[PDB]
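Engineer: Below is a structure I'd like to ask you about.
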Amino acid sequence: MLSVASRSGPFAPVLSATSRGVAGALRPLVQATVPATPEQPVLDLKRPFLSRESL
Amino acid sequence: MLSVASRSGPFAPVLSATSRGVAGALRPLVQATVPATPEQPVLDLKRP
Amino acid sequence: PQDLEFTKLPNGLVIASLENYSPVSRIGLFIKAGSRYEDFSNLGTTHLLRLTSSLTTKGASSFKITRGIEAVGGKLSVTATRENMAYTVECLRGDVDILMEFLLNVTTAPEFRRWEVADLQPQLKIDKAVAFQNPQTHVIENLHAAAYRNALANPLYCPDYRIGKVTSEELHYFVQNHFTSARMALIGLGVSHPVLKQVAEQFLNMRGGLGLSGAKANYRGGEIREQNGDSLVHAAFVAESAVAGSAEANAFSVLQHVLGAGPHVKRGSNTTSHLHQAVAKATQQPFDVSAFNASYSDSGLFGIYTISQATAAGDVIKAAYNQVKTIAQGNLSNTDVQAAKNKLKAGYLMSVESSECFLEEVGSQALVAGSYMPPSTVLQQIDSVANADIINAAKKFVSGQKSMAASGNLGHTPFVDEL
Amino acid sequence: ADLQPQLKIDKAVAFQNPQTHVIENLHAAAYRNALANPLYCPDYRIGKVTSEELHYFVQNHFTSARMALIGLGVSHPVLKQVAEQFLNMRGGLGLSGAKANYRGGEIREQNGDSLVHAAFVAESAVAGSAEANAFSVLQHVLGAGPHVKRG
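Written as structure tokens, this is what we have:
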């Protein structure tokens, strides 16, 4: 019951030699999308998301 | 005495069409050369 | 209907196995290392270390490692926190031997050659930039930087002034003092126990003993305010909370789910949360609020995170803070507590549902004592949280010295002494 | 727009000397609203300053009553009539500011330099007051300024 997944909170980066860095916990931005939030990240030195490793 | 140029308070950035810009103030400095070895390396920004 | 096997070897290494029938096997090595063990002289070492998982070793070159894992089709990854590090490999049952050999070499036979390290330095900047696109990353690291003096404050990413200044000597020094046998745990899922014993015997002839230890993370009630041109302000104010393992930690977990720790219904309004239903009637709809709970070995953090507009930044915070005070004043009903407990149980059992998260859970609690804690016992403890305990947690948060970390226009955001 | 990039050059030259960065942080650490404003433009605003903001600031702050004119070699009577031209410009009073409130916070930086700088300030008196003179004497008692060289 001690893991970050079991206690949502600080990010736990999962950077890997063969997969992207998509990770984290308690990231309260997805709930704000529905209420007015036009702001979206710009594509400055950015990478794809969803880490489509297991296609 | 109401001008900070003659005090050790804030700095006074200056600019000039012909002269260069240098700040002032009197907080401790300069006297660290005698006891220490604070080098003065040239870097990306160069002005005389 | 198989169970798990545990063995603690004389060296101190902990082994675990859970024979399943999935045609895919996963093995993980959990090391009790992290950014909490660095010091001001070697800041940024862990971040570089987690990117070296494909460098040449004594028993395998970088070319061999990459090609071998790719031909088999397996995957290798590194996951890092402020208190632990983990290496994980996934592959098919028939190719486990080769991947275990590579994992042995990487974690045990690192070279840290000069030119390779120099080349990796550019990567560090790219990795730090892509993570900082999400504003929460920067906000929360500053929060730790403003909540502690010595430990649990060291950032998870290399400071900009240390890029290009990390040497193989620091890497070797860190490995030799922390990658120790009595500080590691090896977990397998698709593999049988005896083969794990065999490879472990290969792990029991290296390093050994115990490693250098850190110091208690002192608490400093600081504030860090950052100014930028964004239209939305992200703020987080936190107080100290006892952690871990105590029933008080459970009380804080229940408390955050009473306050709406997260969303459940897609495109919903979160009608069961006391925070969202107060902010909503205070200002316009564009905003976001939630409780924040972080647990660490020697200390814990509980607070509130909010995203709002620059003009509305002030009132929002006030409303959220007020809600907590009512809870500490004894205003509670024993019907939302049951709902909160149900939310907690569902989240736990549903998070461990995936094999990947289950492996992480076993490795995480294998280091504190090594005794596995079945979910039934976890649920039993959760159901044992009383009501006065939650009010006690609320009172402690209100009376505790607070920290803060804001990032935005910060034109109307309140200071920590005005809350 | 063409002058915008010069801002970086000026800012960098000033920060070459670490004392500039320490004070601008010090003011941002002891004041909440008014005097916390940096003398140099923040990094994110470098490319986004507009001429409308320049115009708006000028009208509201270049008022005649706020100004003073001083001459050393010039004669007084001619100074009157040269200044007569702008009497059709500006006028009245401008936009007042806000009284600087005190906070008391800290701002650490953690740079790689070997020589650490610091600062330890507390609330003092107001410019042009009897108490302000006592503080001036106080700092000079504590060896505020060096006199003899290499000594």
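Chains as they are written, first to last, in the deposited numbering: chain O, 1 to 55; chain B, 1 to 48; chain W, 35 to 453; chain K, 152 to 302.
Where a beta carbon is used, it is the ideal one built from N, C-alpha and C, also for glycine.
CA-CA distance, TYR71(W) and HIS81(W)?
Structural biologist: 13 Å
Engineer: Could you tell me the distance, in whole angstroms, from the CA atom of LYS162(K) to the CA atom of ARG241(K)?
Structural biologist: Between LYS162(K) and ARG241(K), the C-alpha separation is close to 31 Å.
Engineer: Just reading off the beta strand (DSSP E) that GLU124(W) is part of, what are its end residues?
Structural biologist: 119–126
Engineer: Just to confirm my understanding: we take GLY245(K), look at its own chain, exclude 5 residues before and 5 after, and list those with CB closer than 7 Å. What are they?
Structural biologist: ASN211, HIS212, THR214, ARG217
Engineer: Using a C-beta to C-beta distance shorter than 7 Å, which residues of chain B count as neighbours of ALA165(K)?
Structural biologist: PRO13, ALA23
Engineer: Using a Cβ-Cβ cut-off of 8 Å, state whether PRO48(O) counts as contacting chain W.
Structural biologist: no
Engineer: Using CA coordinates, which residue listed in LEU29(B), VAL4(B), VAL42(B) is at the minimum distance from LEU266(K)?
Structural biologist: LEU29(B)
Engineer: Is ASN239(K) helix, strand or coil by DSSP?
Structural biologist: helix
Engineer: Taking Cβ to Cβ, would you say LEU393(W) is nearer than 8 Å to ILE221(W)?
Structural biologist: yes
Engineer: Could you tell me whether the region 181–193 of chain K touches the region 278–285 of chain K, where touching means 3 or more Cβ pairs closer than 8 Å?
Structural biologist: no
Engineer: Nearest CA to the CA of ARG254(K): which residue from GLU274(K), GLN157(K), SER226(K)?
Structural biologist: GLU274(K)
Engineer: Please tell me whether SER226(W) has its Cβ less than 8 Å away from any Cβ of chain O.
Structural biologist: No - not a single Cβ of chain O is within 8 Å of the one on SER226(W).
Engineer: Measuring alpha carbon to alpha carbon, tell me which of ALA278(W), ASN76(W), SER247(W), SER389(W) ends up nearest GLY263(K).
Structural biologist: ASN76(W)
Engineer: Mind checking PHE64(W): buried by the 16 CB within 10 Å criterion, or exposed?
Structural biologist: buried
Engineer: With a threshold of 8 Å on Cβ separation, who are the neighbours of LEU126(W) within its own chain once the five nearest residues in sequence on each side are excluded?
Structural biologist: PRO57, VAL58, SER59, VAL106, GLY107, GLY108
Engineer: Measuring alpha carbon to alpha carbon, tell me which residue in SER303(W), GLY434(W), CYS391(W), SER385(W) is nearest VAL272(W).
Structural biologist: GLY434(W)
Engineer: Count the other CB atoms within 10 Å of the CB of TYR330(W); is the residue buried (16 or more) or exposed (fewer)?
Structural biologist: buried
Engineer: Output the boundary residues of the beta strand (DSSP E) element that contains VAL323(W).
Structural biologist: 322–329
Engineer: Among the residues of its own chain, which have a CB less than 8 Å from the CB of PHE11(B), if the five just before and after it don't count?
Structural biologist: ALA23, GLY24, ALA25
Engineer: Quick one: grab the DSSP three-state call for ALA114(W).
Structural biologist: strand
Engineer: Under 8 Å, with one C-beta from each stretch per pair, do the region 337–356 of chain W and the region 305–318 of chain W reach the 3-pair mark?
Structural biologist: yes
Engineer: Do we get a CB-CB distance below 8 Å when we pair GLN31(O) with the residues of chain W?
Structural biologist: Yes, because at least one Cβ of chain W sits closer than 8 Å to the Cβ of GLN31(O).
Engineer: With burial defined as no fewer than 16 other Cβ atoms inside 10 Å of the residue's Cβ, what is the status of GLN31(O): buried or exposed?
Structural biologist: buried
Engineer: Report the start-end ranges of each alpha helix (DSSP H) in the region 130–190 of chain W that is 4 residues or longer and not cut off at the edges.
Structural biologist: 130–142, 148–166, 169–179
Engineer: Nearest to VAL277(W) by CA position, among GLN363(W), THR91(W), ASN327(W), is which residue?
Structural biologist: Comparing Cα positions, the closest option is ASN327(W).
Engineer: For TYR71(W), decide whether its Cβ has a neighbour in chain K, counting only Cβ atoms nearer than 8 Å.
Structural biologist: By this cut-off, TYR71(W) is not an interface position.
Engineer: At 8 Å on the CB atoms, spell out the chain B contacts of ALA295(K), in chain order.
Structural biologist: Ordered by position in chain B, the residues that pass the 8 Å Cβ test against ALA295(K) are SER8, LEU26.
Engineer: Output, in sequence order along the chain, the residues in the region 253–283 of chain K whose CB is closer than 8 Å to any CB in chain B.
Structural biologist: Along the region 253–283 of chain K, going in chain order, the ones with a CB nearer than 8 Å to a CB of chain B are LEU266, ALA278, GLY279.
Engineer: Is it the case that the Cβ atoms of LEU52(W) and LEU223(W) are separated by a distance below 8 Å?
Structural biologist: yes
Engineer: Quick check: the Cα distance between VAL386(W) and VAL233(W), rounded to an integer number of angstroms?
Structural biologist: 27 Å
Engineer: Bridge partners of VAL267(W), per DSSP?
Structural biologist: By DSSP's assignment, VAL267(W) forms a beta bridge with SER342(W).
Engineer: Step through the CB atoms of chain O and report whether any lies within less than 8 Å of the CB of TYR382(W).
Structural biologist: For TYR382(W), the answer is yes, since a Cβ of chain O falls inside 8 Å of its Cβ.
Engineer: So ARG196(W) contacts chain K; which residues on that side make the cut at Cβ distance below 8 Å?
Structural biologist: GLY263
Engineer: Locate the alpha helix (DSSP H) running through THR41(W), then write down its first and last residues.
Structural biologist: Note, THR41(W): premise wrong, no alpha helix (DSSP H); beta strand (DSSP E) at 38–42.
Engineer: Work out the CA separation of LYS250(W) and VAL358(W) for me, nearest whole Å.
Structural biologist: 29 Å
Engineer: Could you spell out where the alpha helix (DSSP H) holding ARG101(W) opens and where it closes?
Structural biologist: 96–106
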